[PDB]
Amino acid sequence: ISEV
Amino acid sequence: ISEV
Amino acid sequence: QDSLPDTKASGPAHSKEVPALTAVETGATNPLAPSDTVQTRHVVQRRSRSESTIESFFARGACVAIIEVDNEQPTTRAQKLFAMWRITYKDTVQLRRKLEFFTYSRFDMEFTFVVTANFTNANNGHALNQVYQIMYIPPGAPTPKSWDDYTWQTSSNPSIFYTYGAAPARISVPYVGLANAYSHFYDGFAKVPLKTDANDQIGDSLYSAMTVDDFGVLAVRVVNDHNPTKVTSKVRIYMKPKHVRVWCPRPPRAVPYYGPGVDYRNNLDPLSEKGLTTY
Amino acid sequence: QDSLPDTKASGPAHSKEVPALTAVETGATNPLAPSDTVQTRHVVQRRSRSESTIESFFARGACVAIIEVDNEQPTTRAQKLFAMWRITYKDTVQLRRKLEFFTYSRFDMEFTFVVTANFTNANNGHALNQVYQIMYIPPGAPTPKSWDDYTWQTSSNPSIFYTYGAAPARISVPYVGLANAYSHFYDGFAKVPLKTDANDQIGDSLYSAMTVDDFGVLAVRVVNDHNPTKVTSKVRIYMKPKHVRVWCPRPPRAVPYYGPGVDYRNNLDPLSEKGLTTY
Amino acid sequence: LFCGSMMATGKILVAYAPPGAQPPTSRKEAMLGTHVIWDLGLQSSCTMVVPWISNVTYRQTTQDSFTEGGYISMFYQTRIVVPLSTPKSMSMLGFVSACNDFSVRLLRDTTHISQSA
Amino acid sequence: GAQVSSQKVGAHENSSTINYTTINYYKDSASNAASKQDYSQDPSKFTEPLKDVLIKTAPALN
Amino acid sequence: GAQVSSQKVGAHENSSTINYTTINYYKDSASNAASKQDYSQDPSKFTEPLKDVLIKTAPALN
Amino acid sequence: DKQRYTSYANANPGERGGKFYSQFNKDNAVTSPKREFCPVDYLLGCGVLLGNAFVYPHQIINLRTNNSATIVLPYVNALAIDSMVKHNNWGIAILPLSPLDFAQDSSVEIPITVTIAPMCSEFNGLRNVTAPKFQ
Amino acid sequence: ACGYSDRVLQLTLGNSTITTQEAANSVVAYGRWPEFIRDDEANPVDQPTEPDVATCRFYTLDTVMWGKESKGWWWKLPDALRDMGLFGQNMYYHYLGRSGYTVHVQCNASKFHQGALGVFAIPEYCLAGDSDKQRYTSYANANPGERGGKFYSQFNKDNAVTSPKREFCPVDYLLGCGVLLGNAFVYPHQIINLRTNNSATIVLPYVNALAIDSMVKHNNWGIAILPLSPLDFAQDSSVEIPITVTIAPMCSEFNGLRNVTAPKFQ
Amino acid sequence: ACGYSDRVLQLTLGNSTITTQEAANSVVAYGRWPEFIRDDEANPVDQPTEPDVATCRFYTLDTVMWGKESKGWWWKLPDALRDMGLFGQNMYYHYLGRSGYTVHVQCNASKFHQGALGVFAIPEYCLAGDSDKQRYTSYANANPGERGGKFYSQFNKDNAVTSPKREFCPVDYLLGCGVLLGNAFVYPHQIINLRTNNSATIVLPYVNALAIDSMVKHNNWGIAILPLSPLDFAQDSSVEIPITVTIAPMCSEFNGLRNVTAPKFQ
Ligand SMILES: CCOC(=O)c1ccc(OCCCCC2CCN(c3ccc(C)nn3)CC2)cc1
Ligand SMILES: CCOC(=O)c1ccc(OCCCCC2CCN(c3ccc(C)nn3)CC2)cc1
Ligand SMILES: *C(=O)CCCCCCCCCCCCC
Ligand SMILES: *C(=O)CCCCCCCCCCCCC
């Protein structure tokens with residue numbers, strides 16, 4: 001994932 | 001996964 | 001957080017600092033807050049400008065065209081077995097006015113197609129469900145002369161096949177401008193008259209217009225062979241700009257539009273009568 | 001990154017190096033850039049050839065066939081209760097011309113089927129929704145003589161059952177060639193006449209043609225028993241080559257096609273009149 | 001490409017005028033734009049590069065004054081000179097190709113092929 | 001490739017930070033939805049284009 | 001089995017690298033979509049098939 | 001009545017510039033049309049209200065305050081460079097927001113002089129000279 | 001160093017040597033030299049025959065004359081070599097045969113002559129026919145052997161329906177195949193421009209959708225020679241100079257031996 | 001190494017390129033390349049204009065014809081370029097202008113033609129006049145522009161006293177100036193001898209008693225082209241071949257800008  |  | 005600045009507590013003043021006085025001749029707007037001219041309390045501000053961001057302002061699908069196409073017995077006189085529309089935001093007024101708050105823009109475009117149909121005549125039997133072909137013809141490409149000629153083969157042009165009754169069709173288009181930004185306004189010509197020209201029509205051009213075909217056309221047809229009874233259909237095109245950027249603000253259109261340029265004709269009287277000392 | 005080379009800054013020249021002169025007799029194209037013949041500035045280039053890659057050039061579903069099938073009372077005379085089509089890209093011209101920029105190709109094939117229907121006659125009651133059977137019959141397999149005979153049992157042949165009104169049908173086909181690549185052009189024969197042959201028809205063959213059945217046929221029928229009223233249907237087949245490779249470039253077709261080979265018949269005059277010293 | 005005899009000599013001016021002015025009718029006007037003076041000799045062929053000089057980032061493939069590319073013209077710089085017993089007339093063949101900075105976009109159908117009913 | 005962000009929660013249920021998940025399905029960014037996470041900026045290029053920008057308590061003209 | 005790649009972003013929203021996710025659902029590669037990540041090559045086999053390839057500033061014929 | 005029909009020679013007054021009008025007089029002569037602009041003052045000559053023209057870069061010459069206005073203009077366009085002969089980048093509009101008045105003399109007149117300087121000028125695509133037809 | 005040049009070549013194959021003092025370098029089609037079938041590209045399992053020097057040597061075909069009206073000449077490979085010594089015997093005794101070629105086209109004149117020959121090596125050169133009838137050219141007509149065929153300035157449709165000629169009608173500006181000749185330059189080629197060079201030398205690899213095929217049923221390469229610029233000399237209105245084509249098989253290998261194929265060329 | 005030569009040159013300036021396959025090397029007058037005015041040689045204090053590519057490019061003048069009676073041609077610099085594009089505009093809008101030049105003279109013929117052109121670049125080429133009246137040639141006559149002037153085999157004194165022609169009378173063996181032509185070789189020069197070379201290429205530095213001067217009032221360099229050996233061909237007694245002069249300004253700089261100078265050439 002790329003959770004901001 | 002295989003993220004290029 | 002994206003909330004607006006808090007109001008500061010401000011008390012009485014007797015000073016040589018005068019925020020309330022200025023000179024608009026400079027071109028500047030006076031940067032004042034309530035606390036510069038009246039006594040204020042401390043307010044922790046929670047309001048925000050989330051809905052007035054450029055994206056949020058244009059983030060809505062707007063009606064830009066109503067294309068009408070018939071499906072009926074190919075007789076032999078001007079019919080509507082297929083139709084063509086030049087892609088533009090200028091056949092409608094609402095989105096046109098919104099885009100024109102700005103001189104230049106850059107964005108991706110989302111197209112949604114609502115298709116409705118009905119029986120044209122009192123009765124001759126009925127019609128089996130129709131499939132519609134929406135073909136994009138970019139400038140240069142062969143345009144159709146007939147509802148089922150070879151151009152509809154669409155080997156390289158993008159086409160949508162829409163089935164009547166299905167959820168409205170939707171596609172996305174990249175930023176496709178020949179320039180670094182779209183010009184909502186162009187103070188110029190596509191050609192210049194030269195002293196050495198033969199007729200003085202060689203160099204004639206429409207003011208403000210750029211390319212002859214702009215971005216091409218959407219050719220629409222019913223793929224179905226005609227039923228005995230005629231079915232008339234309308235394709236409504238909704239346009240939404242997404243991933244939007246805009247440059248150089250402009251005054252909004254104040255009088256009714258008169259064609260694709262800035263020309264005005266009438267209803268040049270936008271403002272109501274109100275007395276000078278009347279609330 | 002996939003951008004094209006930057007333009008280098010190039011200044012004046014007085015030298016024995018002469019890029020501007022060459023000899024095309026060698027078979028070579030002179031590898032020149034603007035900076036070899038004029039003074040150039042430095043340009044950081046961002047353009048790319050992303051859309052002109054082989055995959056991107058063919059990445060579009062093209063119309064290769066219109067199969068017509070009727071659903072009506074099986075009377076007793078030549079009807080259309082079922083239809084057959086030899087699979088090919090040659091009944092249409094647009095994709096054929098694109099594939100023929102190259103001598104050989106290798107790819108997987110995606111087939112999409114758009115089905116439309118209508119009432120043939122003014123009126124006898126109506127029709128309940130139709131299911132269509134599209135059966136592939138590879139060479140060697142029994143071909144149907146009747147719309148509901150045993151071949152439609154399809155125990156080993158692949159079949160698609162399409163319901164009218166549903167999203168257009170779609171399948172993929174592997175690379176199925178008998179060779180290592182598909183030959184768009186074959187300068188040869190399938191048979192050779194021998195001096196010892198009885199009639200000289202034993203060894204006769206069509207020039208350029210390879211196998212008699214190429215890749216077989218698609219047999220199409222309406223699975224529904226006939227309504228009282230006749231329904232006529234058309235199945236449009238869209239073909240897209242995917243995972244594409246091509247070899248040996250060719251000049252594009254300049255005059256109208258005349259059948260499955262390279263034969264020309266007329267409109268052998270492709271070029272317009274333009275004066276030698278006219279812009 | 002000069003397809004004349006080896007005894008034939010000559011100097012030719014080949015040119016490119018970016019759009020906006022009168023299309024050249026005289027060598028005098030053509031000289032003023034991008035150009036190459038080709039001297040005929042053992043190297044038989046000459047190459048003039050038309051540099052990308054445009055206002056827009058991409059021009060159209062169809063005709064359009066807003067995206068016009070300009071004018072190419074050719075003139076004799078001196079003249080073709082032959083000896084006696086030599087043909088006084090000959091052919092010039094011409095070739096075109098793209099430089100490594102060239103690209104294209106927005107795929108479309110060609111008008112160069114079509115099909116009857 | 002899932003992308004996770006906090007929602008700006010307006011009306012809070014009687015049940016703290018809540019999140020939403022995004023995944024792009026297509027290679028072309030034109031196909032993507034709008035992030036709607038937009039940064040703002042100063043109006044000064046419009047409200048104050050002056051070569052010598054002056055402070056509000058001082059005389060505009062001096 | 002998810003495959004994640006960067007999009008070549010054309011028009012950038014006013015909100016950096018964006019990604020997209022791909023998963024193959026079928027055993028037969030013929031069923032797969034097109035990656036469209038295509039490497040290029042030199043034109044030389046066509047533009048220069050010469051046994052002695054010569055450099056552009058030298059005389060083509062010597 | 002004809003849209004986007006102003007001729008190049010009329011669109012481009014050169015050094016002379018053009019003027020504004022208090023109202024819209026439609027050039028009636030259809031048969032041999034003037035093909036000129038009809039810029040109405042409160043509509044900024046372009047279908048919008050003049051009072052909002054202040055969102056554009058500007059200064060006011062208010063005679064009790066200042067002799068002059070000085071505006072520095074960057075090149076603005078959808079492109080880095082374009083045809084200067086075909087396309088104008090910037091328009092300079094000078095309108096009297098408040099009318100000229102003096103003592104009681106009902107017919108006062110004072111000069112307005114416009115001095116302009118090009119900055120960071122660069123040119124590409126050299127060839128023979130463009131000679132436009134301004135007749 | 002020493003004195004070497006782009007214009008002076010010696011080609012040696014088997015017991016044959018070609019010299020040239022006026023070449024315009026030489027072309028290797030698609031950048032690929034001829035080579036034998038590799039084990040990992042191999043399809044017929046039987047041990048191949050490789051005749052080497054006995055077949056891979058220079059065969060000179062019958063000379064053709066170039067004059068002011070000459071519209072052009074064409075040849076097909078392996079067909080032009082079907083009767084050439086032991087190459088021809090190997091071709092007709094085996095079901096399968098692959099081979100690459102060195103093509104050397106010869107045409108000298110004088111510094112006062114003028115003209116330019118376009119020499120083109122085309123993969124799968126399918127030619128157009130005579131008739132309303134499509135794909136109807138007969139095998140014997142499709143294959144002229146060493147003689148080759150010619151081009152025409154225009155399309156004369158073989159009208160005699162009842163007893164049809166079943167021949168090609170190759171029109172010159174259409175490259176005999178429905179395309180424009182000016183684009184034939186995307187094919188491997190050289191130009192014999194008489195003020196520059198005596199000759200053209202093109203090295204051809206085996207090109208096919210298969211590693212090996214039937215040489216009797218299928219031609220791999222077509223050789224098209226068209227006058228891009230017409231022959232001219234002094235003022236003599238009827239000039240004529242010879243064009244001579246010499247071709248050599250390279251890396252030739254054959255599979256599927258049995259009794260000899262005898263095609264019917266009547 | 002590779003294949004380079006004294007005879008084959010490419011000159012590129014601005015958007016212009018010249019090729020030549022038959023040069024006789026090239027001359028740099030007095031061993032000095034053109035250069036800009038240095039701060040320690042500077043005299044006008046105002047910031048100079050340097051138009052660069054827009055002026056320092058090749059302008060081709062009108063072609064002259066060389067025939068058996070042609071006694072010779074002359075040109076003056078900057079005068080021959082006064083009407084040349086933006087160079088001319090810069091020259092007439094400024095009081096001061098300095099510039100160097102690349103001069104390329106073009107004259108091809110055939111291996112059977114004969115003749116030799118002497119091409120001379122002369123600093124301060126003062127020419128002799130018409131009359132009994134000394135130093136009386138008028139400005140308009142002294143300055144032919146692009147047309148240039150000619151030489152004569154002998155001195156015809158303009159007799160008409162009453163309404164005098166006020167022209168030069170340049171006699172060829174006296175180099176039009178009272179000296180013997182055979183010594184003109186102490187000036188920077190090349191010879192176009194038709195059996196050897198198609199052309200001459202002379203690079204000229206700015207030469208003057210000052211770093212910068214008035215280009216309208218004063219010419220710096222004279223270009224004299226005289227036939228050292230007469231044109232001849234086969235036996236045809238009236239041969240004619242073109243001579244073409246192409247000139248490029250180099251390191252051009254201008255001072256003293258104001259309204260445009262419009263000289264009277266009537
Ligand atoms: C003329 C004034 O308006 C504009 O300047 C202006 C600027 C930008 C605009 O964006 C549209 C440009 C893209 C044009 C088309 C490109 C492709 N389109 C497609 C393509 C295929 C299908 C099936 N459906 N729609 C539909 C839109 C539209 C108008
Ligand atoms: C004759 C000239 O054209 C060709 O050479 C040529 C080359 C390759 C081509 O690809 C098609 C080969 C595959 C043939 C068929 C294989 C299976 N097909 C199927 C199979 C099942 C179903 C239900 N629907 N379609 C449809 C296509 C088509 C044509
Ligand atoms: C990053 O995305 C890795 C995690 C993937 C989680 C499962 C995604 C399921 C949806 C697949 C999308 C396919 C779009 C073509
Ligand atoms: C690799 O793919 C491991 C991660 C899987 C994430 C969930 C995928 C959900 C979609 C399942 C596809 C089934 C296709 C037959």
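Here is what the cut-offs are and how they apply
- Residues numbered from 1 in each chain as written, not as in the entry; some residues may be left out.
- Chains lettered and ligands numbered in written order.
- Part of a larger assembly, values for the part shown.
- Heavy atoms only, no water.
- Helix = DSSP H or I, 4+ residues; strand = E, 2+ residues; numbered from the N terminus.
- Rg over C-alpha atoms; globule rule 2.2 N^0.38 Å.
- Buried < 20%, exposed > 50% of the residue type's maximum accessible area, 1.4 Å probe, protein only.
- Areas by Shrake-Rupley, 256 points an atom, 1.4 Å probe, with all protein chains shown as cover.
- Near = heavy atom within 4 Å.
- Polar contact = N/O pair within 3.5 Å; in protein donor to acceptor, adjacent residues only side chain to side chain.
- Nonpolar A, V, L, I, M, F, W, Y, C, P; charged D, E, K, R; others polar.
- Contact = heavy atoms within 4.5 Å.
- Buried area = accessible area lost by both parts, 1.4 Å probe.
- Salt bridge = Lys/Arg side-chain N within 4 Å of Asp/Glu carboxyl O.
- Pairing = 2+ DSSP bridges.
- Axes fitted to C-alpha atoms, helices over the stretch in contact; angles between N-to-C directions.
- Core = buried A, V, L, I, M, F, W, Y, C linked by side-chain atoms within 4.5 Å.
- Least-squares fit on C-alpha atoms.
- Patch = residues over 30% accessible without salt bridge, like charges linked within 9 Å, V, L, I, M, F, W, Y side chains within 5 Å.
- Disulfide = S-S within 2.5 Å.

As stated in the entry header, the method of structure determination is X-ray crystallography and the reported resolution is 2.8 Å.

Before going further, it helps to spend a moment on the overall build of chain F. Across its full length, chain F holds 1 helix and 2 strands. Tracing chain F from N to C terminus, the helices and strands come up as β-β-α. For chain F, the C-alpha radius of gyration of 22 Å lies well beyond 11 Å, the compact-globule estimate for 62 residues. In chain F, which comprises 62 residues, the proportion classed as buried is 16%. When the accessible surface of chain F is totalled, it reaches about 5,000 Å², and 52% of it is carbon and sulfur.

Let us now look at the overall build of chain H. Looking only at helices and strands, one finds 1 helix and 0 strands in chain H. Scaling as 2.2 N^0.38, a compact globule of 135 residues should have a C-alpha radius of gyration of about 14 Å, whereas chain H reaches 18 Å, well beyond that. Principal-axis analysis of the C-alpha atoms gives chain H an extent of 55 × 45 × 25 Å. The buried share of chain H, reckoned over its 135 residues, is 21%.

With that out of the way, let us pick up the site of ligand 4. Residues and elements named next belong to chain G. As a matter of local geometry, ligand 4 sits amid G1, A2 and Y25. At 2.2 Å, a backbone N or O of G1 approaches an oxygen atom of ligand 4. Interatomic distance of 3.0 Å between a backbone N/O atom of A2 and an oxygen atom of ligand 4. Considering ligand 4 on its own, with 470 Å² of exposed area, one finds that the protein chains cover 34% of that surface.

As a structural note, the neighbourhood of ligand 3 is formed by F:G1, F:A2, F:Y25, G:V4, G:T21, G:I23 and G:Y25. Those chains with residues close to ligand 3 are chains F and G. In this structure, an oxygen atom belonging to ligand 3 sits 2.7 Å away from a side-chain N or O atom of G:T21. Protein burial of ligand 3: of its 470 Å² of free accessible surface, 67% is covered by the chains. Here the shell around ligand 3 is built from residues that sort into 5 nonpolar, 2 polar and no charged.

All right, on to unusual backbone geometry then. Cis geometry marks the peptide bond from I:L77 to I:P78; its omega dihedral reads 0 degrees. You can see I:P78 is positioned in the loop between strand 6 (73-77) and helix 1 (85-93). Phi at C:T154 takes a positive value of approximately 45 degrees, unusual for a residue other than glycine. Assignment of secondary structure puts C:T154 in the loop between strand 4 (131-137) and strand 5 (159-163). Even without being a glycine, E:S85 presents a positive backbone phi close to 60 degrees. Along the chain, the position of E:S85 falls in the segment after strand 4 (71-76). For E:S85, a relative accessible area of 53% puts it in the exposed group.

Three or more residues of helix 1 (residues 85-93) of chain J are buried, namely J:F87, J:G88, J:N90, J:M91 and J:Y92. Packed against the buried residues of helix 1 of chain J are strand 4 (59-60), strand 7 (94-106) and strand 13 (240-257) of chain J.

Quick look at the interface of chain I and chain D now. Each partner contributes to the interface: chain I provides 60 residues, whereas chain D provides 48 residues. Contact between chain I and chain D buries roughly 4,600 Å² in total, counting both sides, with carbon and sulfur atoms accounting for 59%. At the junction of chain I and chain D, the tally comes to 4 salt bridges. Linking D:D187 and I:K76 is a salt bridge whose minimum nitrogen-to-oxygen distance equals 3.0 Å. Where chain I packs against chain D, one counts 31 residue pairs in polar contact. Mapped onto the side of chain I that touches chain D, the elements with two or more residues apiece are strand 8 (113-123), helix 2 (139-142) and strand 10 (189-193) of chain I. With 4 residues, strand 10 of chain I is the single largest residue contributor to the side of chain I that touches chain D.

To continue, consider the sheet that holds strand 1 (residues 13-15) of chain D. Read from one edge of the open sheet, 6 strands run 1(D)-1(J)-2(J)-2(E)-1(E)-4(E), paired in mixed fashion. Two strands lie at the open edges of the sheet, namely strand 1 of chain D together with strand 4 of chain E, each paired on one side alone. Recorded for the sheet is a direction-independent mean angle of 10 degrees between the axes of neighbouring strands. One ladder, built from 3 bridges, connects strand 2 (residues 34-39) of chain E with strand 2 (residues 16-20) of chain J; its direction is parallel. The partner of E:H35 across the bridge, within strand 2 of chain J, is J:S16.

In this section: the environment of J:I202. All names here are of chain J. Locating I202 in the fold gives a position in strand 11 (residues 199-204). Sequence spacing of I202 and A29 is 173 residues, and the spatial spacing of their C-alpha atoms is 6.9 Å. In contact with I202, other than residues within four places in its own chain, are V27, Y101, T102, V103, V119, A121, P188, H189 and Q190.

All right, on to the nonpolar core then. Core analysis: the largest hydrophobic core is formed by 86 residues, its most contacted members being I:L77, I:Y101, I:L175 and I:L204. Here this core gets 7 residues from one element, more than from any other, and that element is strand 12 (residues 221-233) of chain I. Discounting residues that sit within four places of it in the chain, I:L175 has contacts with D:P251, I:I122, I:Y125, I:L127, I:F151, I:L181, I:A184, I:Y187 and I:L226.

Rotating chain C by 72 degrees about the axis while translating it 0.0 Å along that axis superimposes it on chain D, leaving an RMSD of 0.0 Å. What we have between these two chains is a five-fold relation. The overlap is low: 4% of the interface residues of chain C also sit at the interface in chain D, so different surfaces are used on the two sides.

Structurally, D:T7 is set in the segment before strand 1. Residue D:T7 is classed as buried on the basis of its relative accessible area, which comes to 18%.

Attention now moves to a nonpolar patch on the surface. Taken together, the side chains of H:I71, H:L73, H:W90, H:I92, H:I94, H:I112, H:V114 and H:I116 make up a nonpolar region of the molecular surface, amounting to roughly 810 Å² of accessible area. Overall, H:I116 belongs to the exposed group, its relative accessible area being 66%.

Often, the extent of an interface is quoted as the loss of accessible area upon association of its parts. Each side of the interface is counted separately: chain C has 25 residues, and chain D has 25 residues. Between chain C and chain D, the buried area comes to about 2,100 Å², and carbon and sulfur atoms account for 54% of it. Broken down residue by residue, the surface that chain C buries against chain D is led by C:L128, C:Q153 and C:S155, which jointly contribute 30%. Run the count over chain C and chain D and you get 2 salt bridges. Note that C:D225 and D:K234 form a salt bridge whose closest N and O atoms lie 3.0 Å from each other. Between the two partners, chain C and chain D, sit 12 residue pairs in polar contact. Looking at the side of chain C that touches chain D residue by residue, the class counts come to 8 nonpolar, 14 polar and 3 charged.

Residue and element names in this part refer to chain C. In spatial order, the strands read 2-8-4-5; together these 4 strands make up an open sheet with antiparallel pairing. Lying at the two open borders of the sheet, with one neighbouring strand each, are strand 2 (82-86) and strand 5. Going from strand to strand, the sheet's axes swing by 20 degrees on average, the running direction of each strand aside. Of the strand pairs in this sheet, strand 4 and strand 8 (residues 217-222) are connected by 6 bridges, and their pairing is antiparallel. Bridge pairing links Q133 to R221 in strand 8.

Our focus in this paragraph is the side chain of I:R166. Summarising the element assignment, I:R166 is placed in the loop between strand 9 (149-150) and strand 10. A polar contact is formed between the side chain of I:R166 and the backbone oxygen of I:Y136, at a distance of 2.9 Å. Filtering out sequence-adjacent residues up to four positions away, I:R166 remains in contact with D:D204, D:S205, I:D130, I:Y136, I:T137, I:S138, I:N141 and I:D158.

Before going further, it helps to spend a moment on the state of the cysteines. Here, disulfide denotes a covalent bond that connects the sulfur atoms of two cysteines. One pass over the full model with this rule turns up 0 disulfides over all chains. H:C46 takes part in no disulfide bond, and the closest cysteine sulfur, belonging to H:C38, lies 13 Å away. Overall, the relative accessible area of 24% leaves H:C46 in the partly exposed class. Of all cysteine sulfurs, the one in I:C56 lies closest to I:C251, which takes part in no disulfide; the gap is 6.8 Å.

Taken as a whole and assessed by the stated rule, the structure comprises 52 salt bridges over all chains. Close ionic contact of D:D70 with D:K230 constitutes a salt bridge, the shortest N to O distance being 3.6 Å. Within this pair, whereas D:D70 is found in strand 3 (residues 62-71), its partner D:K230 is found in the loop between strand 10 (217-222) and strand 11 (231-249), the two being separated by 160 residues in sequence. D:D70 gets classed as buried once you look at its relative accessible area, which sits at 6%. Here J:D62 makes a salt bridge to E:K28, at a shortest N to O gap of 2.9 Å. Residue J:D62 is found in the loop between strand 4 and strand 5 (64-67), and its partner E:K28 is found in helix 1 (residues 27-31); the two belong to separate chains. According to the relative accessible area criterion, E:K28 is partly exposed, its value standing at 34%. When salt bridges that share partners are traced, they join I:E35, I:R38, I:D40 and I:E41 into one network.

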